[PDB]
């Protein structure tokens, strides 16, 4: 098993649905931030080391390739942060892998991002998200790795993450840069709602018969997840309320 598809889309662009769609197509696992959170929190420090490497005057690209290869062993595809920030390195490692860019309206994206993964520091909802996440074992080391991967994707050392104007411009620039860097023949831009047809044609497979394209990980469900984690203090006690997520 080797990487066949590199997902370059940012969080809140349908990455979890795309992860599930690729798992349906290939019958093998796809990487996602939820793999780290729910299955392999030991990966956090490894990702942090690779992101740290990118800051050096000369990044040891072979150290990065080797670390990515180890992290992705057993997976057929990648989506989401932190992996999407390494899409160029993955393209070099896997010259036959195709690239997907999941994308959506930038204002819809910003609202989703602020509600679920990156609230403003002045938003009281941030404390609720953090309290729920603590139930999952998430701590400051996870948030540092995730923020660092986002800053790496946006190519910035210093960025005011609390400024919506900055985030909107970074989102547009990131998506533009993917389209400039990946040759069009190697890239599929998949807009929220596009479903199976373009994806299956791009990957040389048939449309899965009787299986609908996934629609996972809505902000409504995520807000409920935070609320129920806070209320019950146990993932296992609430997982029956959240089918089709992990």
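Positions refer to the first chain, counted from 1. Between two forms, the rigid core is the largest collection of C-alphas that superpose within 1.5 Å.
Using the rigid core as the fitting frame, the root mean square C-alpha deviation in 4 other deposited structures of this protein is greater for 50-58 than for the other of 198-206 and 50-58. Per the PDB record, of the two stretches 147-155 and 132-140, 132-140 carries the greater mean B-factor over its C-alpha atoms.
A summary of the deposited B-factors shows that, of 210-218 and 53-61, the stretch with the larger mean C-alpha value is 53-61.
Of the candidates 83, 112, 175, 122, the deposited coordinates give 122 the top C-alpha B factor. Of the candidates 77, 90, 170, 127, it is 127 whose Cα B-factor is highest according to the PDB record. In this PDB entry, residue 194 carries a Cα temperature factor that places it within the middle third of its chain's modelled residues.
When all modelled residues of the chain are sorted by CA temperature factor, residue 245 is found within the highest third. In the deposited entry, the Cα temperature factor of residue 161 sits in the top third of values across the chain's modelled residues. Among the modelled residues of the chain, residue 186 sits in the highest third by CA temperature factor in this PDB entry. The PDB entry assigns residue 36 a C-alpha temperature factor belonging to the lowest third of its chain's modelled residues.
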